[PDB]
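First up is the structure itself, then whatever we jot down about it.
A, B, C, D, E, F, G, H, I and J are the chain letters, set down in written order, and residue numbers restart from 1 in every chain.
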Amino acid sequence: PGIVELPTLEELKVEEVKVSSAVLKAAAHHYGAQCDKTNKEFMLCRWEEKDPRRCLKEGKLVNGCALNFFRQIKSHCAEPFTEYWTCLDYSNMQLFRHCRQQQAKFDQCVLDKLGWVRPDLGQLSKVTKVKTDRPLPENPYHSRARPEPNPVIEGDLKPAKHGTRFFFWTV
Amino acid sequence: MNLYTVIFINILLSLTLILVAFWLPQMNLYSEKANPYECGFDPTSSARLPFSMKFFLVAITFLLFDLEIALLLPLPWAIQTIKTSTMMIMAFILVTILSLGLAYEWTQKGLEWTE
Amino acid sequence: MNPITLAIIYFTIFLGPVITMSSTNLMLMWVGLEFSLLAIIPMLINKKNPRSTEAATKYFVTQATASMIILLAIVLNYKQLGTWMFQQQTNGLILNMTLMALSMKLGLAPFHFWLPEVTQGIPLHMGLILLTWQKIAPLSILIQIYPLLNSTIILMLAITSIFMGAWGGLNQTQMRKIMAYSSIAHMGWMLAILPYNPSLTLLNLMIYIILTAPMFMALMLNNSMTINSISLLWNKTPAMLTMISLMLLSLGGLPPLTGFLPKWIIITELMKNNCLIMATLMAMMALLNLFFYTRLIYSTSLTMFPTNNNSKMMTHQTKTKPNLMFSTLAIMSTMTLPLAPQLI
Amino acid sequence: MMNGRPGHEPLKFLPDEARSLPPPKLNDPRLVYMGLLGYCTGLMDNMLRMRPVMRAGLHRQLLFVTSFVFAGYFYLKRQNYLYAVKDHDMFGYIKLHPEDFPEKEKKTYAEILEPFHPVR
Amino acid sequence: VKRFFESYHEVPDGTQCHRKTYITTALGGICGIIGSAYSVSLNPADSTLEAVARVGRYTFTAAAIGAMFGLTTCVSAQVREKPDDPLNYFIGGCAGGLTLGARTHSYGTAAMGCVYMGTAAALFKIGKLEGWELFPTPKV
Amino acid sequence: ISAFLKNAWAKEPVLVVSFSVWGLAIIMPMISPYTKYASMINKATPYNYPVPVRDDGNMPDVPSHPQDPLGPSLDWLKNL
Amino acid sequence: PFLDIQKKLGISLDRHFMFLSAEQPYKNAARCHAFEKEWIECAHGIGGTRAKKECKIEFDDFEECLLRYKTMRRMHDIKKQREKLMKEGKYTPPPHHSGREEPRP
Amino acid sequence: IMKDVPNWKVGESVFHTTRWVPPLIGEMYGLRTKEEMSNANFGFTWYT
Amino acid sequence: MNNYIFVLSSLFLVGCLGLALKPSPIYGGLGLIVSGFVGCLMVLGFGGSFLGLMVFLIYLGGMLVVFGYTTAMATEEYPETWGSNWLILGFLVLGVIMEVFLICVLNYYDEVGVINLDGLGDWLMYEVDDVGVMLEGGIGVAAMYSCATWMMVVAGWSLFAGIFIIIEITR
Amino acid sequence: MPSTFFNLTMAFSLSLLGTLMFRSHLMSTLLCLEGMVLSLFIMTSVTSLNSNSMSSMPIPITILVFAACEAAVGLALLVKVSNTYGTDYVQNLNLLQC
């Protein structure tokens, strides 16, 4: 009965990354440290509010921070990073282990410039306690009011009136 | 569709090969060459008669052990669970139960054939 | 059978229904029914004769189809609602197919043709278990879903079971078939009321078990399987005719014995819902159920038949077979009507 | 039907609310009837096994009597509790739904004209 | 269609005699087909031809039963104008029993079926009139 | 019984190996210290997203960032 | 159940995978999780006869999520009208549905 | 398309509730071509 | 390739129909094998590999024993193929034709709701998780070893006790 | 999906029709039972994969387990039937009526 609301085309028109998957797997560990605040805000909204239509702007901020990130990587440390992801994209499951020497070049570049340290083994696999000006969503799931249960008979129970009302048994 | 294609290719190879085997050669058919072998002499009866099988109990328990395989086979995924103690105990119990059943059959001479 | 095997098999028989009760998943329910199925066949086929092979094959082949139909009902419910429980707002076809298969499992008419055959093909024990303990889980299914059953075929099947059990037991000289048709009739009385206060279904079940078990023991004490064999009981063990008489007259429900309580209270709760003429028909064919019991107890207790010369050897020797529970179960039947309000 | 009653304990023979009911007398006609059933059970046991009667198994007979009474006491207590619960819930429902069970007010035989049916 | 058989009560007896007549005939035919399927599955014939003959005999017999029943009911309700009277259904049941004992050569079957079917049809009318709901829904 | 096992190691050594390996499989998990790191490693694997948490203002031990000091340091998995 | 031995002892042998919104092995939601949760949370405390008509909206939404019949009807109607119009020559499908779009990322 | 049929809301729902119900591969990719429909299904199931 | 699943389902129906006509257990086992193959293929079409492979394996290992038995017990001089009986051949042809006519009928009395010839292949998979890992069939079955360990014990008891049952029935 | 569920249910019904309507042999009946099992398996598996209910995926393996045990004991009974009568036919099993 109720119409679905949806955003317009221009409420989704966005400057996209246009960037592939090995180029992106290479810079994953640095994109998880830098550009973590926006990403975690977007995640919290997307899971707290179960609607995409209520978080487009956080997604747009995510895309913006990613673009700024790769702009830093382009204006600084483009050749070693190029070599890294080019050698990474050769594999079939895109394994870091086969390209372990170009990591060194990329990391030393991105460390001597901008001081970006690679996260260690299990730092991107844990909860991270974001804040925001947003409020809590009151009643997600758009739940209706619950019907009231049937009341309990309050009383100290007594013997049955005249025992069993069965047919002719007295007691 | 790659796999479907490989299998169709093998299928058509086999069928083209049989077509060649049948329609390329020469034929001289007659009843004395098309009747069953039985080593020079003629059969005394049909081959579509009972062949008593003397390992039928072994067949049925093979079926049950096949099911045991089907139960054991999820283990590579069961090992990446967080518990790693319940699965251990339960797999231990399953294998030990199967071994106990095998031992009972063995001792009761079920693996021996019905002479 | 060696003891390890008996332990395994009787544990399985006990655990089939026990799994069936203490399970909310219908699929583990099915599992319990299949344990009851699997574990019964060894002891049905233990004496290794053609009669036993036929009985076991008929039992197996009739129960497998019912099991598959129940599994179909369960899978259709899972498709419909994404759960493993017959809720309300299920399909009446699913529920009715479940009812049909459960009736085939119990032995109700018109699915009754296998029970007397199978029962004749097996010893007195394995008739007791088959008629008492195997009936308890299939009934548990219906008891757990009683407000979902259609109140029409539930009663047509009951009425058919009543009529056909009465008419079949009218002419059976074999006792192992009399017990079967009695089972059919009593399951009819149960299933008729099952949508109406299913506590009474369990009442009739307990009464029926308490009556049949000692009767089977009575048949066991001399391996009596025929009217002519039970008639040679005024010579062999004549202290049992009193209890046999009162137990038969409780089975065919006569008032002063507690076997009239289930029929009486069933008629009560059926007249409380304007199910009048059905109850009338049932109560009027229970009389024919009583007639062949009366014929039997004439034959064994009131009009002592001819005996043989070789039956004096039995009088020379002594016995040990009455398990001390025959007495308790025969006396708690036939004499517990004044305690009926505590039973209900 | 009382299985879905709120607070219903699963497989509880005698909840703590039943301890507020008065117990039986221990001289109840039905408990002595159960003792009589136990005595007749022992007598029948002796009759079946070709034994003397009222003379043979006095320990067995005593045990039968005591088992029957010691079971009937608790079973009767449970049944008293269940019938108490029935009356309790019935009273509660009529008290919660008086519109369905109105305060009826009947008439006398002076105002109603019941019809006469001679015999003749 | 249930409405077909519910057309038997759109109007009282004595009216629409042919309608009610061959309705009851159809009903008898259905019941005869059931009985025939059971007598052909259990205790089967020595040949498919005799099985077909069994079906035909049973079905035509029950059809004749229902036809005589409906004819007699609506006639004895048109005559002696009294729809709310189970004696019409009694006379119809007796006519049915007579046709049973005619198709099946037996006077004793005729009398037995007359009494039983007549009483059954009388009770049927009495229940349709007073509101006896067999297979009732649970109320307590 | 030592003589019995001496006989069984010659005649039927296949079942001796079998029972030995069965008992060893059952007993050795009880013995090792490495037995407990298995569940911990299976737990450490993040197959699903760690969903962030709202800052109530009362979450000290919870970190504000991936590479903060707090949280489970997975260096026990390194240099195990 | 018949004999609530599980509730007696607090164990859950089978009463924890009774439906879809119930502890999938790793936390992957089954479809209609929300609908079934909402239906079940409405039908709690109530039993049966009252839940079947006080919690009907939520069951109907669940039934449409799982069996999903009305959306089939809707898309079938849209497709049928589109085929009629294209046969008459009235409709002109766009590039982003004939197979020629600008992919978004 | 359905500008002309008598009673048809174009963005109507099939649910009484108002919350976000994520679509499925047939509503989405419904009006699209058969290749997209046959790659949604049978795309991963039939390996690259 | 949109009618793929419907073709597979129809083939399975025909396999089980030729089964239900009951030729000798040799061709019945052939039908079981073909139908299990088709079942595996559709279970894969719906996104399940393990369950289909295991149906295939179990039914193959079972029909092996059926061959071993039916050579001994359910054998005749003339094993009664489908063509052996004109009546069986007629009912088979009639069953194919009847199911075709039935499908064409129920595609008319209901536009859609039971069968959709028009939209076919459009309703198979129903909300896949387009981004995922550790999601296949096999995790759910491996839950028999954790979170559903009663299925495992009850199945194991069935097999164990079945061994004893076998020995006793055969003795 | 609704198409294939309809077809699978019709397949179950065909195999049920089969195992009900007997012929001479019994092995064919057991095979019809196996076919019913298989159709039920595929129904359960497809519902579980559609709904993404990986909690119910242990159900079809249980179906196969118990159905194979059923087949096992049926085949053992068949061994006994052949040892008695010799030829597997279900018409020779007609002596409990008397």
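Following the convention adopted for this analysis, a residue touches a chain if its C-beta (ideal position, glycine included) is under 8 Å from a C-beta of that chain, and two chains touch if they have at least 3 such contacts.
The chain lineup, named per UniProt: A = NADH dehydrogenase [ubiquinone] 1 alpha subcomplex subunit 8; B = NADH-ubiquinone oxidoreductase chain 3; C = NADH-ubiquinone oxidoreductase chain 2; D = NADH dehydrogenase [ubiquinone] 1 subunit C2; E = NADH dehydrogenase [ubiquinone] 1 alpha subcomplex subunit 11; F = NADH dehydrogenase [ubiquinone] 1 alpha subcomplex subunit 3; G = NADH dehydrogenase [ubiquinone] iron-sulfur protein 5; I = NADH-ubiquinone oxidoreductase chain 6; J = NADH-ubiquinone oxidoreductase chain 4L.
Of all chains displayed, J has the C-alpha centre closest to the centre of the whole protein C-alpha set.
Of the two chain pairs examined here, A-G and C-D, the one linked by more C-beta pairs in contact is C-D. Averaged Cα coordinates give chain F a centre that lies 46 Å from the centre of chain H.
Centroid to centroid, with C-alpha atoms defining each point, chain C and chain J lie 27 Å apart. Put simply, the C-alpha centre of chain H and that of chain J have 39 angstrom between them.
Shown for chain A are the residues in touch with two or more other chains, namely 50, 141, 150, 163-164. Residues of chain F found to touch two or more other chains are 47. In chain C, the residues that touch at least two other chains are 4, 28, 31, 34, 38, 41, 45, 56, 82, 84, 147, 197, 338, 341.
The touching residues of chain C, when paired with chain A in their complex, are 338, 340-341, 344.
Residues 61, 64-65, 68-69, 71-72, 75-76, 79, 86 of chain J are the ones that touch chain B when the two sit in their complex.
For chain C in complex with chain D, the residues that touch the partner chain are 197, 237, 239-240, 242-243, 318-320, 322, 324, 326-328, 330-332, 335-336, 338-339, 341-342. For chain E in complex with chain C, the touching residues are 123, 127, 132-140. For chain I in complex with chain G, the residues that touch the partner chain are 111-113, 116, 118-119, 122-123, 126-127, 129, 132, 134-135, 139-140, 142-143, 146-148, 150.
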